[PDB]
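Residue numbers (PDB author numbering), protein chains in the order written: chain I, 54 to 105; chain J, 2 to 53.
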């Protein structure tokens, strides 16, 4: 009962922890991309308005 | 001049019946309930423990 309970809580806890850890990491990636993309769109408008 | 034995044996059997029966009885009973109540008590509380 005791050791069990200890490992169970400790575990599901930690699992949650890394889970969110990744989640935030990835979210940070989608941000990273959509940032880079945003940059790209910037470059595009630049050229367009320019030669225009 | 009188037989006189069984009298002393009998009175000593009274007071000593009391002292002896008294002395041993409580310990042996507390040993009984100590034992049954022992394996028992542990098992039960430990059942609450494991289950819970």
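Where is the CB? At the ideal position from N, CA and C, for every residue including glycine.
Tell me, please, whether the CB atom of residue 54 of chain I is closer than 8 Å to any CB atom in chain J? As a working mapping, residue 54 of chain I is identified with position 1 in the first chain. Output row for residue 54 of chain I: interface = yes.
Would residue 1 of chain J count as contacting chain I if we go by Cβ distances under 8 Å? Not covered by the structure: residue 1 of chain J. The range shown for chain J is 2 to 53.
Can you tell me which of the three DSSP states residue 80 of chain I falls into? The count along the first chain starts at 1 and reaches residue 80 of chain I at position 27. The answer is helix: DSSP assigns residue 80 of chain I an H, G or I state.
What is the DSSP secondary structure of residue 56 of chain I, counted as helix, strand or coil? What you label residue 56 of chain I is simply residue 3 of the first chain in a count that begins at 1. Three-state DSSP puts residue 56 of chain I in a helix.
Rounded to a whole number of angstroms, what is the C-alpha to C-alpha distance between residue 96 of chain I and residue 71 of chain I? Mapped onto the first chain, residue 96 of chain I falls at position 43. Mapped onto the first chain, residue 71 of chain I falls at position 18. If you draw a straight line from the Cα of residue 96 of chain I to the Cα of residue 71 of chain I, it comes to about 37 Å.
Could you tell me whether the Cβ of residue 50 of chain J comes closer than 8 Å to any Cβ of chain I? Numbered from 1 along the second chain, position 49 holds the residue referred to as residue 50 of chain J. Yes, residue 50 of chain J lies at the interface with chain I (some Cβ there is under 8 Å from its Cβ).
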